[PDB]
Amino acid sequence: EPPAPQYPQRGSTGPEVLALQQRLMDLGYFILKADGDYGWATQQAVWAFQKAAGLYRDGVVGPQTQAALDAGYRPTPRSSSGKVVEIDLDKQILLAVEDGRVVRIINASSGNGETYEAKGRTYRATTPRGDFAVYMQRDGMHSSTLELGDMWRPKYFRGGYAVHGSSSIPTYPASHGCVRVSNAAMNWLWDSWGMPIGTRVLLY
């Protein structure tokens, strides 16, 4: 009649959640607080972890996810030098990379690949693959020609294609093509890490 273990998941609280949050933090998955409550922010970090590790993206830290946590799984970046934002489209993560070392792994969501209509024309919600650079930024909440909602602190890398904060960053590609991250992650990129004009943005 004793209860089985807790698998940390959204809504959980307790020491095991605290330990998970700290381990994520230690491994570089973006999370600000280890407080023992598995809320929205923790969800973003768990999803980033499961994505990175190639695991089913359910937010539930069961036996397989725990094994990967214990193994200390971190993705290997493609770049070798300098500051680079890498976006892994298959895994749906953004990597803040410096000198070939991942500094942070951030949950992301990119284009859904479906058609959409805008100012009377049909487009396809593809995120481009390639080697680009931040060329402009708008430091507040702004509208998009591509995206339907507003974008928080966009950093533009090819025409209207930007990395930005969003209210929803799901476990599948959900956008019209821009790359969404949490507002907190976007603030970190801007204000703590620094991602100035000219920063390489590599998508693959």
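The numbering used is simple: start at 1 and walk along the sequence shown.
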For the stretches 31 to 39 and 154 to 162, which has the higher mean C-alpha B-factor as given in the deposited record?
31 to 39
Hey, which bit's got the bigger mean C-alpha B factor in the entry, 141 to 149 or 171 to 179?
141 to 149
Would you mind finding, among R124, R104, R74, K91, the residue with the largest C-alpha temperature factor in the entry?
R124
Chain third (lowest, middle, highest) by recorded CA B-factor, residue given as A96
middle
Which third, lowest, middle or highest, does the CA B-factor of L189 fall in along this chain?
middle
Report the third (lowest, middle or highest) to which the CA temperature factor of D58 belongs, ranking only the modelled residues of the same chain.
lowest
Third assignment of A118 from its chain's C-alpha B-factors:
highest
Among the modelled residues of this chain, does the Cα B factor of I197 put it in the lowest, middle or highest third?
middle
